[PDB]
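Accompanying notes for the structure given below.
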Amino acid sequence: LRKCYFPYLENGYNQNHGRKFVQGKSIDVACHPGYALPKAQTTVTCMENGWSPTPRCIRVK
């Protein structure tokens, strides 16, 4: 019921940019060299309230 729209990361690789995923589906988020998802995550999914890891590849360096 809570569908998750894949947002736009500024300096990341939005493989599935502009695509809606149904709650329960997953997708990995890659970023430019030096950036990575919070808590060293590589994937983000529509757990319930939305993208649970939250697709924001913050600069790890």
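Each chain of the structure tokens is named A, B, ... in the order shown, its residues numbered from 1; ligands are numbered from 1 in display order.
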
>> Which of chain A end up as strand (DSSP E or B) when DSSP is run on this backbone - answer as a PyMOL selection string?
In response: chain A and resi 4-5+12-13+20-21+23+25-28+30-31+35-37+41+43-46+51+58-59

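Remark: for residue 43 of chain A, the closest of the candidate residues A:22, A:27, A:58, A:4 is A:27 (distances computed over only C-alpha atoms).
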
> If we count only C-alpha atoms, what is near residue 39 of chain A at a cut-off of 12 Å, once residues fewer than 4 positions away on the same chain are taken out, given as number ranges by chain?
Replying inline: A: 35, 43-44, 52-60

Would you save the residues of that selection, restricted to N, CA and C atoms, as a CSV table (one decimal), in the first residue's frame?
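Written output follows (result-v2.csv):
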chain,number,residue,atom,x,y,z
A,35,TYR,N,31.7,8.0,-2.1
A,35,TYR,CA,30.4,8.1,-1.5
A,35,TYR,C,29.8,6.7,-1.3
A,43,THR,N,22.4,-1.5,-0.4
A,43,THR,CA,21.1,-1.7,-0.9
A,43,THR,C,20.0,-0.9,-0.2
A,44,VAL,N,18.9,-0.7,-0.8
A,44,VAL,CA,17.8,0.0,-0.2
A,44,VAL,C,16.5,-0.6,-0.6
A,52,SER,N,14.0,1.8,3.5
A,52,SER,CA,14.4,1.6,4.9
A,52,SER,C,15.8,2.1,5.2
A,53,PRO,N,16.8,1.7,4.4
A,53,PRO,CA,18.2,2.3,4.5
A,53,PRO,C,18.2,3.7,4.2
A,54,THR,N,17.2,4.2,3.4
A,54,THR,CA,17.2,5.5,2.9
A,54,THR,C,18.3,5.8,1.8
A,55,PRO,N,17.9,5.9,0.5
A,55,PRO,CA,18.9,6.0,-0.6
A,55,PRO,C,19.6,7.4,-0.6
A,56,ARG,N,20.6,7.6,0.2
A,56,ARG,CA,21.4,8.8,0.2
A,56,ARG,C,22.9,8.5,0.3
A,57,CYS,N,23.6,8.4,-0.8
A,57,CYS,CA,25.0,8.0,-0.8
A,57,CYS,C,25.9,9.1,-0.3
A,58,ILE,N,25.9,9.3,1.0
A,58,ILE,CA,26.8,10.3,1.6
A,58,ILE,C,28.2,9.9,1.4
A,59,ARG,N,29.1,11.0,1.3
A,59,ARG,CA,30.5,10.8,1.1
A,59,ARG,C,31.1,10.1,2.3
A,60,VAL,N,31.6,8.9,2.0
A,60,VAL,CA,32.2,8.1,3.1
A,60,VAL,C,33.6,8.5,3.4

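Nearest to residue 14 of chain A of all the residues A:31, A:2, A:41, A:47 is A:31, counting only C-alpha atoms.
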
> Skipping near chain neighbours, those fewer than 6 positions away, what residues fall within 8 Å of residue 5 of chain A using only C-alpha atoms, listed as a ChimeraX atom specification?
Replying inline: /A:18-21

Take the residues that were just selected and, keeping N, CA, C and O atoms, output them as an mmCIF file, in the first residue's frame.
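Contents of part.cif, as written:
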data_model
loop_
_atom_site.group_PDB
_atom_site.id
_atom_site.type_symbol
_atom_site.label_atom_id
_atom_site.label_comp_id
_atom_site.auth_asym_id
_atom_site.auth_seq_id
_atom_site.Cartn_x
_atom_site.Cartn_y
_atom_site.Cartn_z
ATOM 1 N N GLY A 18 13.643 7.330 -10.964
ATOM 2 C CA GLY A 18 12.331 7.653 -11.487
ATOM 3 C C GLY A 18 11.441 6.440 -11.627
ATOM 4 O O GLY A 18 10.544 6.410 -12.474
ATOM 5 N N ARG A 19 11.680 5.441 -10.796
ATOM 6 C CA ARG A 19 10.917 4.208 -10.853
ATOM 7 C C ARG A 19 10.242 3.932 -9.519
ATOM 8 O O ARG A 19 10.817 4.183 -8.456
ATOM 9 N N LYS A 20 9.011 3.445 -9.577
ATOM 10 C CA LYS A 20 8.241 3.153 -8.381
ATOM 11 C C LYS A 20 8.323 1.669 -8.048
ATOM 12 O O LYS A 20 8.126 0.816 -8.915
ATOM 13 N N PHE A 21 8.623 1.365 -6.800
ATOM 14 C CA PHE A 21 8.715 -0.012 -6.350
ATOM 15 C C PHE A 21 7.675 -0.296 -5.279
ATOM 16 O O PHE A 21 7.443 0.523 -4.388
#

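Relative to atom CA of residue 32 of chain A, atom CA of residue 6 of chain A is found at 17.5 Å.
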
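Proximity ranking of A:61, A:29, A:50, A:38 relative to residue 12 of chain A places A:29 first, based on only C-alpha atoms.
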
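For the atom pair formed by atom CA of residue 42 of chain A and atom CA of residue 30 of chain A, the distance is 6.9 Å, given to one decimal.
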
> Just how far from atom CA of residue 25 of chain A is atom CA of residue 51 of chain A, in Å to one decimal?
Replying inline: 9.6 Å
